[PDB]
>>> print(open('protein19.tsv').read())   # TSV, C-alpha atoms (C1' of nucleotides) and all ligand atoms
chain	number	residue	atom	x	y	z
A	1	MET	CA	70.53	76.73	110.76
A	2	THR	CA	74.06	75.61	109.84
A	3	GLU	CA	75.82	78.50	111.55
A	4	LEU	CA	78.13	76.41	113.77
A	5	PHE	CA	77.24	78.68	116.71
A	6	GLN	CA	79.01	81.59	114.99
A	7	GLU	CA	82.24	79.72	114.16
A	8	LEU	CA	81.81	77.42	117.20
A	9	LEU	CA	84.68	76.89	119.65
A	10	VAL	CA	86.67	74.26	117.71
A	11	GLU	CA	89.67	75.88	116.02
A	12	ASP	CA	93.35	74.92	115.75
A	13	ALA	CA	94.81	77.28	113.12
A	14	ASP	CA	95.21	80.26	115.51
A	15	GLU	CA	97.12	82.02	112.75
A	16	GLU	CA	96.10	84.66	110.20
A	17	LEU	CA	98.35	86.15	107.52
A	18	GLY	CA	96.26	89.25	106.87
A	19	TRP	CA	92.93	90.59	105.71
A	20	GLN	CA	93.35	88.99	102.28
A	21	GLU	CA	92.18	85.64	103.66
A	22	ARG	CA	88.87	87.21	104.76
A	23	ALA	CA	88.09	88.50	101.25
A	24	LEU	CA	84.67	87.47	99.97
A	25	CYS	CA	85.44	88.04	96.28
A	26	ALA	CA	87.94	85.18	96.45
A	27	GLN	CA	84.80	83.00	96.55
A	28	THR	CA	83.63	84.69	93.35
A	29	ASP	CA	84.49	85.12	89.67
A	30	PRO	CA	87.47	87.52	89.48
A	31	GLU	CA	86.47	88.58	85.97
A	32	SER	CA	83.21	90.22	87.06
A	33	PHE	CA	85.24	92.78	89.07
A	34	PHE	CA	86.98	94.17	85.95
A	35	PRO	CA	84.18	95.09	83.54
A	36	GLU	CA	85.64	95.17	80.03
A	37	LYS	CA	84.15	96.97	77.00
A	38	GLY	CA	81.24	98.82	78.64
A	39	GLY	CA	80.32	96.23	81.24
A	40	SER	CA	78.45	96.77	84.48
A	41	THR	CA	79.44	97.58	88.05
A	42	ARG	CA	76.40	96.76	90.24
A	43	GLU	CA	76.36	92.99	90.84
A	44	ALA	CA	79.95	93.01	92.08
A	45	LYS	CA	79.09	96.14	94.07
A	46	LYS	CA	76.39	94.10	95.79
A	47	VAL	CA	78.92	91.32	96.40
A	48	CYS	CA	81.34	93.81	97.98
A	49	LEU	CA	78.53	95.26	100.10
A	50	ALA	CA	78.54	92.03	102.14
A	51	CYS	CA	82.34	91.85	102.40
A	52	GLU	CA	83.58	91.84	105.99
A	53	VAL	CA	86.87	93.62	105.16
A	54	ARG	CA	85.46	96.26	102.82
A	55	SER	CA	87.08	99.10	104.77
A	56	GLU	CA	90.51	97.45	104.73
A	57	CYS	CA	90.23	96.71	101.01
A	58	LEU	CA	89.27	100.32	100.28
A	59	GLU	CA	92.11	101.67	102.43
A	60	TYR	CA	94.73	99.43	100.83
A	61	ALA	CA	93.49	100.23	97.33
A	62	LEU	CA	93.60	103.97	98.00
A	63	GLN	CA	97.06	103.81	99.58
A	64	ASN	CA	98.49	101.80	96.68
A	65	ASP	CA	96.33	103.79	94.23
A	66	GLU	CA	95.12	101.23	91.70
A	67	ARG	CA	93.27	102.81	88.78
A	68	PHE	CA	91.53	99.64	87.58
A	69	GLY	CA	88.73	97.41	88.78
A	70	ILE	CA	86.29	97.92	91.64
A	71	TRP	CA	87.61	97.92	95.20
A	72	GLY	CA	85.81	98.40	98.50
A	73	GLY	CA	82.50	98.51	96.66
A	74	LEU	CA	83.61	101.55	94.65
A	75	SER	CA	84.78	101.97	91.06
A	76	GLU	CA	87.59	104.05	89.58
A	77	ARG	CA	86.00	107.50	89.54
A	78	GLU	CA	84.47	107.20	93.01
A	79	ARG	CA	88.00	106.52	94.23
A	80	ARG	CA	89.30	109.42	92.14
A	81	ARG	CA	86.80	111.92	93.55
A	82	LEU	CA	87.43	110.67	97.09
A	83	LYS	CA	91.15	111.20	96.48
A	84	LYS	CA	90.49	114.68	95.05
A	85	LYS	CA	88.16	115.59	97.94
B	1	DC	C1'	23.43	65.50	115.33
B	2	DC	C1'	26.40	69.24	112.50
B	3	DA	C1'	30.32	72.65	111.53
B	4	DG	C1'	35.12	73.91	110.29
B	5	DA	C1'	39.22	71.67	107.64
B	6	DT	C1'	40.08	70.15	103.34
B	7	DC	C1'	39.31	70.39	99.00
B	8	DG	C1'	36.45	71.43	94.54
B	9	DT	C1'	35.36	75.14	91.87
B	10	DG	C1'	35.16	79.93	90.45
B	11	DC	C1'	36.31	84.85	89.81
B	12	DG	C1'	39.60	88.05	90.00
B	13	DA	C1'	44.35	89.84	90.61
B	14	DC	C1'	48.48	89.53	89.18
B	15	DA	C1'	53.80	88.61	89.26
B	16	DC	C1'	55.45	88.13	85.91
B	17	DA	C1'	56.14	84.50	80.65
B	18	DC	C1'	56.83	85.42	76.55
B	19	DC	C1'	59.45	87.29	72.60
B	20	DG	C1'	59.84	91.17	70.44
B	21	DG	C1'	60.61	96.43	70.10
B	22	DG	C1'	62.66	101.32	70.91
B	23	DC	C1'	65.19	104.11	73.06
B	24	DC	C1'	68.36	105.48	77.21
B	25	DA	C1'	71.38	105.83	82.07
B	26	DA	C1'	75.87	104.59	83.96
B	27	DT	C1'	80.22	104.00	82.90
B	28	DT	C1'	83.36	104.10	80.23
B	29	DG	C1'	89.17	103.34	78.79
B	30	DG	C1'	91.78	104.22	75.49
B	31	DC	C1'	96.10	107.05	75.94
B	32	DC	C1'	95.06	112.12	72.01
B	33	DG	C1'	97.93	115.41	73.03
B	34	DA	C1'	100.94	118.29	75.91
B	35	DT	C1'	104.10	118.86	79.64
B	36	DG	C1'	107.92	117.54	82.82
B	37	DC	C1'	111.76	114.84	85.82
B	38	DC	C1'	114.93	110.84	85.89
B	39	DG	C1'	118.42	107.14	83.78
B	40	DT	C1'	122.43	106.78	81.14
B	41	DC	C1'	126.66	108.20	79.55
B	42	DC	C1'	130.63	110.86	78.52
B	43	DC	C1'	133.88	113.35	80.03
B	44	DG	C1'	136.71	116.10	83.78
B	45	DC	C1'	139.60	116.19	87.41
B	46	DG	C1'	141.68	114.36	91.28
B	47	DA	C1'	142.68	110.91	95.36
B	48	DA	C1'	144.59	106.49	95.81
B	49	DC	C1'	146.79	102.38	94.22
B	50	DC	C1'	150.06	99.46	92.72
B	51	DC	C1'	154.73	98.72	90.62
B	52	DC	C1'	159.57	99.71	89.83
B	53	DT	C1'	164.05	101.79	91.25
B	54	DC	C1'	168.08	103.36	94.25
B	55	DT	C1'	171.58	104.05	99.27
B	56	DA	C1'	178.85	103.46	99.00
B	57	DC	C1'	182.26	104.22	106.93
B	58	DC	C1'	181.33	98.51	107.18
B	59	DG	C1'	179.75	94.07	107.18
B	60	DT	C1'	181.81	87.65	104.96
B	61	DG	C1'	178.98	80.23	108.44
B	62	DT	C1'	172.55	76.92	110.09
B	63	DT	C1'	157.05	50.69	121.44
B	64	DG	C1'	156.34	46.29	120.21
B	65	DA	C1'	156.25	43.12	116.82
B	66	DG	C1'	156.81	41.50	112.21
B	67	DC	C1'	159.21	41.21	107.81
B	68	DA	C1'	162.76	42.31	104.36
B	69	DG	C1'	167.26	44.25	102.13
B	70	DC	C1'	172.20	45.85	102.50
B	71	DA	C1'	177.16	46.14	104.42
B	72	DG	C1'	180.87	44.08	106.75
B	73	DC	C1'	183.33	39.87	107.79
B	74	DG	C1'	184.90	34.68	108.59
B	75	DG	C1'	186.34	31.43	105.90
B	76	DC	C1'	186.89	28.11	101.52
B	77	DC	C1'	188.63	27.84	96.62
B	78	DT	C1'	191.63	28.82	93.18
C	101	LIG	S1	85.56	94.90	99.26
C	101	LIG	FE1	87.56	94.28	98.35
C	101	LIG	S2	88.06	92.32	99.40
C	101	LIG	FE2	85.85	92.70	99.78
C	101	LIG	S3	84.79	91.59	98.11
C	101	LIG	FE3	85.07	93.72	97.37
C	101	LIG	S4	87.04	93.66	96.23
C	101	LIG	FE4	86.97	91.76	97.48
>>> encode(input="protein19.tsv", output="structure tokens", more="lines below")
Ligand code: SF4
Amino acid sequence: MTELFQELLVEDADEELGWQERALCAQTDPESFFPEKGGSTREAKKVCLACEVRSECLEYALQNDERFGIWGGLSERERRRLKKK
DNA sequence: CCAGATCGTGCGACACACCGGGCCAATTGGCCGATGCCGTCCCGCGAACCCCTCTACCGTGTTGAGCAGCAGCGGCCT
């Protein structure tokens, strides 16, 4: 349908700062990614599943070692066990 | 002519609509409490850092043009 022939051939920016700009969650409620009280961690996991820079997000999160929120489709203890493994 | 598409109607299934129950998984996220390394500070000494002081064969010198005010002088006036 309205796919623009996979981004088409009309582009003038020819400039990218980094993989932040390709983040899908930026098009989405930030609050849902930090479940307070008990919360849930599956809808935002589904959102991350379709992210095109999931690997980069996971790598950056692990390298900087944030212990809050859900990054790369994984929550805190998945990151912790991956770090410990 | 007359037979399937369309639709009427019917029976069933049925994917949930409800609105209410009764428990549970995941997943907590706090810092609880205990343990440990770094920032700040107070000397301790020493290198340097800046200021002050003194040395007595003796030695004695660095263009043109325009406009205006002041000093010297010739010459009355008394
Ligand atoms: S993987 Fe990272 S960048 Fe992508 S949507 Fe999830 S949190 Fe955002």
>>> interface_residues(input="protein19.tsv", of="chain B", to="chain A", cutoff="9 Å", atoms="only C-alpha atoms (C1' of nucleotides)", output="list in words")
residues 26, 27, 28 and 29 of chain B
>>> residues_near_ligand(input="protein19.tsv", ligand="ligand LIG 101 (chain C)", cutoff="7 Å", atoms="only C-alpha atoms (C1' of nucleotides) and all ligand atoms", output="number ranges by chain")
A: 20, 23-26, 47-48, 51-54, 57-58, 70-73
>>> atom_distance(input="protein19.tsv", atom1="CA of residue 69 in chain A", atom2="CA of residue 18 in chain A")
21.2 Å
>>> atom_distance(input="protein19.tsv", atom1="CA of residue 44 in chain A", atom2="CA of residue 5 in chain A")
28.6 Å
>>> atom_distance(input="protein19.tsv", atom1="CA of residue 50 in chain A", atom2="CA of residue 21 in chain A")
15.1 Å
>>> residues_around(input="protein19.tsv", residues="residue 79 in chain A", least_positions_apart="5", cutoff="9 Å", atoms="all atoms listed in the file", output="PyMOL selection string")
chain A and resi 58+61-62+65+67+71+74+84
>>> build_atoms(input="protein19.tsv", residues="range 57-77 of chain A", atoms="N, CA, C and O atoms", output="compact mmCIF listing (two decimals), in the coordinates of the input")
# COMPACT_ATOMS: atom_id res chain seq x y z
N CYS A 57 89.99 96.77 102.44
CA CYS A 57 90.23 96.71 101.01
C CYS A 57 90.26 98.11 100.41
O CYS A 57 91.16 98.44 99.62
N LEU A 58 89.30 98.95 100.79
CA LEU A 58 89.27 100.32 100.28
C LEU A 58 90.53 101.08 100.68
O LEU A 58 91.13 101.78 99.86
N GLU A 59 90.94 100.95 101.95
CA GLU A 59 92.11 101.67 102.43
C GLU A 59 93.36 101.23 101.69
O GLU A 59 94.17 102.07 101.25
N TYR A 60 93.55 99.92 101.53
CA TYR A 60 94.73 99.43 100.83
C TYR A 60 94.73 99.87 99.37
O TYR A 60 95.77 100.28 98.84
N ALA A 61 93.57 99.80 98.72
CA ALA A 61 93.49 100.23 97.33
C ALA A 61 93.84 101.70 97.18
O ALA A 61 94.60 102.08 96.28
N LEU A 62 93.30 102.55 98.07
CA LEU A 62 93.60 103.97 98.00
C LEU A 62 95.08 104.23 98.25
O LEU A 62 95.71 105.02 97.54
N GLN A 63 95.66 103.57 99.26
CA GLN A 63 97.06 103.81 99.58
C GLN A 63 97.97 103.39 98.43
O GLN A 63 98.90 104.12 98.08
N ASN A 64 97.71 102.23 97.83
CA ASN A 64 98.49 101.80 96.68
C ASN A 64 98.04 102.46 95.39
O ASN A 64 98.80 102.48 94.42
N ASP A 65 96.82 103.00 95.35
CA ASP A 65 96.33 103.79 94.23
C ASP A 65 96.31 102.97 92.93
O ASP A 65 97.05 103.23 91.98
N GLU A 66 95.44 101.97 92.92
CA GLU A 66 95.12 101.23 91.70
C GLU A 66 94.02 101.96 90.94
O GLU A 66 93.02 102.37 91.53
N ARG A 67 94.22 102.13 89.64
CA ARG A 67 93.27 102.81 88.78
C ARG A 67 92.52 101.84 87.86
O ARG A 67 92.20 102.18 86.72
N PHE A 68 92.25 100.64 88.35
CA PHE A 68 91.53 99.64 87.58
C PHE A 68 90.69 98.78 88.52
O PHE A 68 91.05 98.58 89.68
N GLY A 69 89.58 98.28 88.00
CA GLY A 69 88.73 97.41 88.78
C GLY A 69 87.88 98.17 89.78
O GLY A 69 87.85 99.40 89.83
N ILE A 70 87.17 97.40 90.60
CA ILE A 70 86.29 97.92 91.64
C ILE A 70 86.76 97.38 92.98
O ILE A 70 86.84 96.16 93.17
N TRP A 71 87.09 98.28 93.90
CA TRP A 71 87.61 97.92 95.20
C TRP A 71 86.76 98.58 96.28
O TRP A 71 86.28 99.70 96.11
N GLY A 72 86.58 97.87 97.39
CA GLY A 72 85.81 98.40 98.50
C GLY A 72 84.40 98.80 98.13
O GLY A 72 83.83 99.69 98.76
N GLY A 73 83.82 98.15 97.12
CA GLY A 73 82.50 98.51 96.66
C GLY A 73 82.42 99.77 95.84
O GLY A 73 81.32 100.27 95.60
N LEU A 74 83.56 100.32 95.42
CA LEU A 74 83.61 101.55 94.65
C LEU A 74 84.43 101.33 93.39
O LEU A 74 85.36 100.52 93.37
N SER A 75 84.09 102.07 92.34
CA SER A 75 84.78 101.97 91.06
C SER A 75 85.83 103.07 90.94
O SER A 75 86.11 103.80 91.90
N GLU A 76 86.40 103.22 89.75
CA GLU A 76 87.59 104.05 89.58
C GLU A 76 87.31 105.51 89.91
O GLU A 76 88.07 106.14 90.65
N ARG A 77 86.23 106.07 89.37
CA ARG A 77 86.00 107.50 89.54
C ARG A 77 85.49 107.86 90.93
O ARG A 77 85.75 108.97 91.40
